[PDB]
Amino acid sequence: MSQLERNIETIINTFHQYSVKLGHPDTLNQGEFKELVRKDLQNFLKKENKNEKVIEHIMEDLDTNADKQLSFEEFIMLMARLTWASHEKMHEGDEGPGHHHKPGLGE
């Protein structure tokens, strides 16, 4: 198991922790998504987590087939966005030269 595979494993295991609780066991409903986000994105989504309605629009946006649950396929878009927004913050206001990372999201 590589570093990337392990990270992938952690995304899948975290999704499964909340998807199994209610309704479809392989999808996240509004309440399960709120719980995942409150706990396991508590730093990356600190500011959004203070506004339950912001969390609701995020879920509405990720729910690409409009069936009011997040499949894993829909959810991994949020992981990619947060990864991308973390890397962006590492480079926010970068003046160069060369490559350096400031602290990422939730820091």
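Basically, rigid core = biggest C-alpha set you can superpose within 1.5 Å across the two forms. Counting begins at 1, following the sequence as shown.
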Please indicate which stretch deviates more in 6 other deposited structures of this protein: 31-39 or 74-82, judged by C-alpha RMS distance after a core superposition?
74-82
Can you check whether 64-72 or 22-30 lies farther from the displayed model in 6 other deposited structures of this protein, averaging C-alpha distances as RMS after superposing on the core?
22-30
Higher average CA B factor in the deposited record is what I'm after, so tell me if that's 95-103 or 82-90.
95-103
Averaging CA B factors per stretch from the PDB record, which one is higher: 42-50 or 28-36?
42-50
Entry-reported Cα temperature factor of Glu73, expressed as the chain third it lands in:
lowest
Which third of the chain holds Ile8 when residues are ordered by C-alpha B factor: lowest, middle or highest?
lowest
